[PDB]
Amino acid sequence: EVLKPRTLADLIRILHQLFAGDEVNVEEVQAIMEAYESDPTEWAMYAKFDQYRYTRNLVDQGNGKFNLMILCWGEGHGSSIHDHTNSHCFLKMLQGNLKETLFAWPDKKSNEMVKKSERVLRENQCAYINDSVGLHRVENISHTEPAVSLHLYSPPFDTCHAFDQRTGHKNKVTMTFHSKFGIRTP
């Protein structure tokens, strides 16, 4: 019963429709992103890796309503524990596997941060998070293979917080793009 995009281009077109209004049906977006069968012939132009850290590669600016990007995780690469600046966040596997670790939010007190959930995102699976769900950290499960994920944020945001797992203290972080529309950035 779910609308199945046949290409990454179909998916983008559907997303433009589902985010045209004021109401976002989270479960419907998630199902449609999941239904798209990752095809590396369609997204290899965005798959630009770096040796030391994961890269963020803008695919579509979603008419200001959302950002759609591809994240490329080298061998062993992982993220910090971060929030999502009051946005919706969808992340779909395109290649390999990510481990998502969900954390509880810290208090004012300093303390080791608490894990609320731990899972591996399967092939083509679409996960969802926002700040009310919790914080998370995401990482390539593999030290011999890369991972590639498709992320949708609505509204778009260019800053978030990184969290120290030992204390819960946080720092503001400005996120950058490694490339946009297949073109490397400065």
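Position 1 is the first residue in the sequence shown; the rest follow in order.
>> On mean Cα temperature factor in this entry, is 141 to 149 or 23 to 31 the higher one?
In response: For C-alpha atoms only, the mean B-factor is higher in 23 to 31.
> Which has higher Cα B-factors on average according to the PDB entry: 156 to 164 or 132 to 140?
Replying inline: If you average the C-alpha B-factors of 132 to 140 and of 156 to 164, the larger mean comes out for 156 to 164.
> Going by the deposited entry, which of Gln125, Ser38, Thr55, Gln61 has the highest CA temperature factor?
Replying inline: Each of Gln125, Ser38, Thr55, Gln61 was compared by C-alpha B-factor; the highest is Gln61.
> Against its chain's modelled residues, does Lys48's Cα B factor rank lowest, middle or highest third?
Replying inline: As the PDB entry reports it, the C-alpha B-factor of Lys48 lands in the middle third of its chain.
> Mind checking which third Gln95 falls in for C-alpha B-factor across the chain?
Replying inline: Middle third.
> If you rank the chain by CA B-factor, which third does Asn86 end up in: lowest, middle or highest?
Replying inline: Tercile = highest for this residue's CA B-factor.
>> Taking only the Cα B-factors deposited for this chain, tell me whether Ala104 sits in the lowest, middle or highest third.
In response: Its C-alpha B-factor belongs to the middle third of this chain's values.
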